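Colleague: A single structure is presented below for examination.
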Amino acid sequence: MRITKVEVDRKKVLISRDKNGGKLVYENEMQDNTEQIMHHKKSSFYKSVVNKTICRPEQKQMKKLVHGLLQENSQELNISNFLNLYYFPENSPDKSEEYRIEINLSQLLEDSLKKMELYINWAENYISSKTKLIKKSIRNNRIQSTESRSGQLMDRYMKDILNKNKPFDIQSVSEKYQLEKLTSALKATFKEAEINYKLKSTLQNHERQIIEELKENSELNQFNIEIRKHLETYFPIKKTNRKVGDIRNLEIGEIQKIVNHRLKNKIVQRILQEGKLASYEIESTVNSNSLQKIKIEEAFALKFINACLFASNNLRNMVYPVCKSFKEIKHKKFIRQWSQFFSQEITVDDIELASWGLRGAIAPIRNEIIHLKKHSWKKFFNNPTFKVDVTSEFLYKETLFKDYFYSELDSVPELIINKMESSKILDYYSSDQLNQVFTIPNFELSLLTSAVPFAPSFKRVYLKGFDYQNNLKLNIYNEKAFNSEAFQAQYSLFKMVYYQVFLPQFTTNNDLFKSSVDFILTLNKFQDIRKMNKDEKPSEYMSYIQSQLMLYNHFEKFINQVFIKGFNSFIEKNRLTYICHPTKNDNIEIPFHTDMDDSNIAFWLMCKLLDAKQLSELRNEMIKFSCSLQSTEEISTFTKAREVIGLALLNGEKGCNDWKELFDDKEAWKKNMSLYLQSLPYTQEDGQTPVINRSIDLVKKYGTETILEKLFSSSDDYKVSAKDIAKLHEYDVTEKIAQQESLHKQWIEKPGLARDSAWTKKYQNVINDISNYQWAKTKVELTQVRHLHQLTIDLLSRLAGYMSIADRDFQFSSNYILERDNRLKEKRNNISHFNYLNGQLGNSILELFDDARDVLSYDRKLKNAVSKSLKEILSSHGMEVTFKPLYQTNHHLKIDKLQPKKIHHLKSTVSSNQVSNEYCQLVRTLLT
RNA sequence: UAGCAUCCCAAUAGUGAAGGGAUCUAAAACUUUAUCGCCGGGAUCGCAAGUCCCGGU
């Protein structure tokens, strides 16, 4: 039933595919033994046998009777309704009538009730045959198949691809395979009309009719294999709820085309795998562990490639707005963008040095990591060279870059104080009372999140802690009523401590991690995990934990509980429980000692040219790679890298704190802001101190200014309006959400109110009022602009990672070709360098996704992922999009019914729009 | 293909290949303004999103 990822002899079993052979092994040891697992899976195969003989409704009496008759240890009416045969025993020298043994369990059960050794023999024979089949499947599951039939055919097709002879001659193989008769039989059976079962039966009939031809040649064997895959994909025998599978799927023409496409996809996957093996120099020895390490290295490299591509895009927006080199530079625009980024101003004489040091911080890392090899990570990350008509060489320790880096280092205390005041926990907690969290003797403020590969976010941890408290003996997580600004301050301070205080030392230290893991493991009694030793590093131990998780969701709950218990223990022990009781009402001493020399500036600048979300993604992947690593020098370099990411996170949200003098003038600000007013919401009381909106300044900083201006230029009555202004004054949002909480608690006490029409109408009206007020607030304070920028940047990063995959496969295939259409390259130049924000090509987001599908059409695993990425990103942003059929839109995917994802309240008729209908219109207009 | 994608192996060709595997592929899961009850079970959908009973606040 399931031969891997099962607990045999109290340990997980998994397959390791070597270059030759390929075996089943236990969780850790490398000893190649399939026989032990095959013998120990006897009970699982018995369960498979009973599930095969018993139909989908497994009624208890018949299931127990079958299990008792089948198993000696487990020994304790109509039959065909609960039933789901002529067979040959394994020890049959030849297949004929005299070895054609019976199976009619209905008659057997009727006879037994009238009163099954033959049935036991049938079960034993099936179990033995399935053991041998699974054993051979594992044994022949080599990495690069050569002696297998499919592997040999694939190798011949590789040879033809490398030469200029078209392989798998498809019309001829179809004609000599009798595809015409196959299609005629399938069409007749479909017209006659469990239709999938009948179509598969006719497929097997054609197989038996042409088996004397298809059993001797790999081309017909593989043709039948892909025909069977087509049948399972469109008319599944097992996946009943897939679709109807219309007669159009039976046409000779496109079944021909899909068979050819599957063969070509298999061939190209094989050639890219061979190129990967050649480039990584592991062709002689390919193991499961080696491929897992290569996969981790690949994923970290791809995340870093996306990060440095974002950095290159930001450098392009800073220096050369149109690109795909330094003479055309907008001095004023570069000065303004550099000021907005670095929170500091450079002179005109320093603009060339600034730009070229930015290039020397971004490009060399991209060049070093885009080439897949075992490279020294210290020499990869140090990067102390800045390149200057003529080319010179200076050092980042002799530029303004060092001064800015040291200013950020010294202002990290000031930056954390400013962020804490912006989220206003200062207004609730006293100075000396607050100071006792950064002054912990060992839990000093460190900007590294954690070496834990899967670091739970504060949102997830706090939500699960409230859920568990309301026995984990939790006493920290309480009062989840987000209406209270006291809770807002408490939540902000908890997030800050969690992210920049607790995890640093709770992850660089093993004792607290071990205590939390032990408590979480021993509370409930997550049986399939082991407790570590005192010398085991928590990073590597829980990297093993997450490896088990991503093979196999009990592991996510386990990790969340571990971090929850650790946070609770730290807060209780360090006398930090006062945060749970905010009371609204000097300076705070902030310890901050980090081991930064002048060699981290390059990564510092690259990080500074990224958004907070991309920086967090890069940090998470970097943590995963550091855990997967095994060298202490590289561990320290990635630790410094994580410290730099924390620096960027703390100083990323600096923004601007200037009046109309930030822009060119008052009229310039009016022109550039009314496109997205003189009253209180946008300008102060005096009418001449207009607050620079975070949305506007961020969208100008990240280069989405032109695209979002083009989007908001759709119509004039579409931005903030009198109705949006008035919706704020209609009611108090705090009172509205308090009433919603009261009504939710009322339905908590009595679910019957869900059937009361008046009460359900009142609750729906309250929900609609809350959603409308939140949308109106995001409109007046322009949070919609920020969210739209986040949407478009997330999409651009998704296509950038997809094109990183495309470039990886490109260079692998090129390397293998060397060892043995430019439209996609132009498309790479358009997408990977973020030229949409440039706007010269002028292709919408759906057009970009169609371009990504076109270039990534070389494999269906990415052709499908390109389409699914937009859907998943929009769903995670709170809105569902139903793509129209591609064949009806000339392969250019459009949008149909882009609707708000209805967060369901109380299967009932009440549902809350996670995003407003007007925001859905915004997203539709941006995409189209 | 739109939820189950993709790739590898698997010859008693009705023991249905109607098999197994994938940190070995790629999504995705994880990831610093929060309007969804939570935990602890059972049952059942190819399982997946989810569905129905059953319980404590």
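Every residue, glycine as well, gets a Cβ built from its backbone with ideal geometry; the counts of neighbours run over all protein chains shown. The numbers here are math on the coordinates, done by the rules we state, and not lab data.
Colleague: Identify, from the list A:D32, A:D9, A:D18, the residue that is over 29 Å from A:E110 (Cβ atoms), near RNA strand B (Cβ under 10 Å from one of its atoms) and among the acidic types (D, E).
Modeller: Working: A:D32 fails: near RNA strand B (Cβ under 10 Å from one of its atoms); A:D9 fails: near RNA strand B (Cβ under 10 Å from one of its atoms).
On inspection, the qualifying residue turns out to be A:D18.
Colleague: Still on this structure, I have one more. Of the numbered conditions (1) out of contact with any helix residue (DSSP H, G or I) (no Cβ under 6 Å at 6 or more places or on another chain); (2) closer than 24 Å to A:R366 by Cβ; (3) within 9 Å of RNA strand B (Cβ to nearest atom), A:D809 fails exactly one; give the number of that condition.
Modeller: Result: A:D809 passes all but (1).
Colleague: Could you look through region A:598-623, keep only residues that are near RNA strand B (Cβ under 9 Å from one of its atoms) and surrounded by fewer than 21 Cβ atoms within 10 Å (Cβ to Cβ), and pick out the one that is nearest to A:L415 (Cα to Cα)?
Modeller: A:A612
Colleague: Look through A:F482, A:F454 and report the one residue that is part of a loop (DSSP other than H, G, I, E, B), within 13 Å of RNA strand B (Cβ to nearest atom), among the aromatic types (F, W, Y) and closer than 24 Å to A:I770 by Cβ. Break it down stepwise before answering.
Modeller: Details: A:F454 fails: closer than 24 Å to A:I770 by Cβ.
Checking each option against the conditions leaves just A:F482.
Colleague: A:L250 is checked against (1) within 27 Å of the chain's Cα centre (by Cα); (2) under 30 Å from A:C55 (Cα atoms) and fails just one. What number does that condition carry?
Modeller: Going through the list (1) within 27 Å of the chain's Cα centre (by Cα); (2) under 30 Å from A:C55 (Cα atoms), A:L250 breaks only (1).
Colleague: Then there's this: Consider A:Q107 against the criteria (1) farther than 28 Å from A:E226 by Cβ; (2) assigned to a loop (DSSP other than H, G, I, E, B): it satisfies all of them except one. Which criterion is unmet?
Modeller: (2)
Colleague: Within region A:385-401, work out how many residues are of a type outside the set (S, T, N, Q) and crowded, with 16+ Cβ neighbours inside 10 Å. Quick ask: steps written out before the conclusion?
Modeller: Within region A:385-401, the subset of a type outside the set (S, T, N, Q) is A:386-390, A:393-398, A:400-401.
Remaining after also requiring crowded, with 16+ Cβ neighbours inside 10 Å: A:386, A:394, A:396, A:400-401.
The number of residues fulfilling the criteria is 5.
Colleague: In addition: Exactly one of (1) within 11 Å of RNA strand B (Cβ to nearest atom); (2) crowded, with 17+ Cβ neighbours inside 10 Å is unmet by A:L445. Its number?
Modeller: The single condition A:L445 does not satisfy is (1).
Colleague: Does region A:41-58 hold any residues that are more than 8 Å from RNA strand B (Cβ to nearest atom) and part of a loop (DSSP other than H, G, I, E, B), and which are they? Before you say what the answer is, go through the steps one by one.
Modeller: Applying the first criterion (more than 8 Å from RNA strand B (Cβ to nearest atom)) to region A:41-58 yields A:41-47, A:49-51, A:53-55.
A:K41, A:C55 - these are the residues of region A:41-58 that are more than 8 Å from RNA strand B (Cβ to nearest atom) and part of a loop (DSSP other than H, G, I, E, B).
Colleague: Now for a separate question. Of all residues in region A:497-523, count the ones that are surrounded by fewer than 17 Cβ atoms within 10 Å (Cβ to Cβ) and part of a helix (DSSP H, G or I). Break it down stepwise before answering.
Modeller: Filtering region A:497-523 for residues surrounded by fewer than 17 Cβ atoms within 10 Å (Cβ to Cβ) gives A:509, A:511, A:515, A:518, A:522-523.
Narrowing the set further to residues that are part of a helix (DSSP H, G or I) leaves A:511, A:515, A:518, A:522-523.
Number of matching residues: 5.
Colleague: Please count how many residues of region A:20-40 are β-branched (V, I, T) and assigned to a strand (DSSP E or B). Please lay out each step first, then the result.
Modeller: First, pick out the residues of region A:20-40 that are β-branched (V, I, T): A:25, A:34, A:37.
Then keep just the ones that are assigned to a strand (DSSP E or B); that gives A:25.
Looking only at that region, the number is 1.
Colleague: Hey, another quick one. Kindly indicate the residue of region A:487-515 that is under 20 Å from A:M542 (Cβ atoms) and hydroxyl-bearing (S, T, Y) and also nearest to the chain's Cα centre (by Cα) among those meeting that condition.
Modeller: A:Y499
Colleague: Another question, then. State which residue is nearest to RNA strand B (Cβ to nearest atom) when the search covers only region A:73-94 and only residues that are part of a loop (DSSP other than H, G, I, E, B) and of a type in the set (S, T, Y).
Modeller: Going residue by residue through region A:73-94, those that are part of a loop (DSSP other than H, G, I, E, B) are A:73-82, A:84-85, A:88-94.
From what is left, the residues that are of a type in the set (S, T, Y) are A:74, A:80, A:92.
Values: A:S74: 16, A:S80: 14, A:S92: 6 Å.
Per the stated criteria, the residue is A:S92.
Colleague: For region A:874-917, how many residues are part of a loop (DSSP other than H, G, I, E, B), of a type outside the set (K, R) and near RNA strand B (Cβ under 7 Å from one of its atoms)?
Modeller: 5
Colleague: Determine whether A:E274 is charged (D, E, K, R) and assigned to a helix (DSSP H, G or I). Show your work before the answer.
Modeller: Details: charged (D, E, K, R): yes; assigned to a helix (DSSP H, G or I): yes.
For A:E274, the condition - charged (D, E, K, R) and assigned to a helix (DSSP H, G or I) - is met.
Colleague: Moving to a separate point now. Looking for something in a helix (DSSP H, G or I), among the aliphatic types (A, V, I, L, M) and surrounded by fewer than 16 Cβ atoms within 10 Å (Cβ to Cβ) - is there at least one such residue anywhere in region A:181-199? Step through it out loud before you land on a result.
Modeller: Taking region A:181-199 and keeping what is in a helix (DSSP H, G or I), we get A:181-192, A:195-199.
Among the residues that remain, those that are also among the aliphatic types (A, V, I, L, M) are: A:182, A:185-186, A:188, A:195, A:199.
Subsequent filtering for residues that are surrounded by fewer than 16 Cβ atoms within 10 Å (Cβ to Cβ) retains A:188, A:195.
Checked against the condition, which is being in a helix (DSSP H, G or I), among the aliphatic types (A, V, I, L, M) and surrounded by fewer than 16 Cβ atoms within 10 Å (Cβ to Cβ), region A:181-199 yields at least one hit.
Colleague: It is to be established whether one or more residues within region A:524-532 are within 25 Å of A:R642 (Cβ to Cβ) and surrounded by 17 or more Cβ atoms within 10 Å (Cβ to Cβ).
Modeller: Keep residues of region A:524-532 that are within 25 Å of A:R642 (Cβ to Cβ), which gives A:532.
Filter once more, keeping what is surrounded by 17 or more Cβ atoms within 10 Å (Cβ to Cβ): A:532.
Taking every residue of region A:524-532 in turn, at least one turns out to be within 25 Å of A:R642 (Cβ to Cβ) and surrounded by 17 or more Cβ atoms within 10 Å (Cβ to Cβ).
Colleague: Another one. So for region A:509-516 (the condition being within 15 Å of RNA strand B (Cβ to nearest atom) and within 22 Å of A:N620 (Cβ to Cβ)), does at least one residue qualify?
Modeller: Among the residues of region A:509-516, not one is within 15 Å of RNA strand B (Cβ to nearest atom) and within 22 Å of A:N620 (Cβ to Cβ), which makes the answer no.
Residue-by-condition table, conditions (1) surrounded by fewer than 17 Cβ atoms within 10 Å (Cβ to Cβ); (2) hydroxyl-bearing (S, T, Y); (3) touching a helix residue (DSSP H, G or I) at 6+ places or on another chain (Cβ under 7 Å); (4) over 22 Å from A:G878 (Cα atoms):
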{"site": "A:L795", "(1), (2), (3), (4)": "no, no, yes, no"}
{"site": "A:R798", "(1), (2), (3), (4)": "no, no, yes, no"}
{"site": "A:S813", "(1), (2), (3), (4)": "no, yes, yes, yes"}
{"site": "A:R820", "(1), (2), (3), (4)": "yes, no, yes, yes"}
{"site": "A:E826", "(1), (2), (3), (4)": "yes, no, no, yes"}
{"site": "A:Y836", "(1), (2), (3), (4)": "no, yes, yes, yes"}
{"site": "A:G839", "(1), (2), (3), (4)": "yes, no, yes, yes"}
{"site": "A:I845", "(1), (2), (3), (4)": "no, no, yes, no"}
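Colleague: Which of the residues spanning region A:137-180 are in a helix (DSSP H, G or I) and among the basic types (K, R)? Explain how you work it out, then say what you get.
Modeller: At the first step, the residues of region A:137-180 found to be in a helix (DSSP H, G or I) are A:137-139, A:149-162, A:170-176, A:179-180.
Correct list: A:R139, A:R149, A:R156, A:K159, A:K176.
Colleague: Would you be able to tell me the number of residues in region A:423-442 that are more than 9 Å from RNA strand B (Cβ to nearest atom) and under 18 Å from A:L650 (Cα atoms)?
Modeller: So the first thing to find is which residues in region A:423-442 are more than 9 Å from RNA strand B (Cβ to nearest atom), and the list is A:425-442.
Next, from what is left, pick out any that are under 18 Å from A:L650 (Cα atoms): A:425-426, A:437-438.
The total comes to 4.
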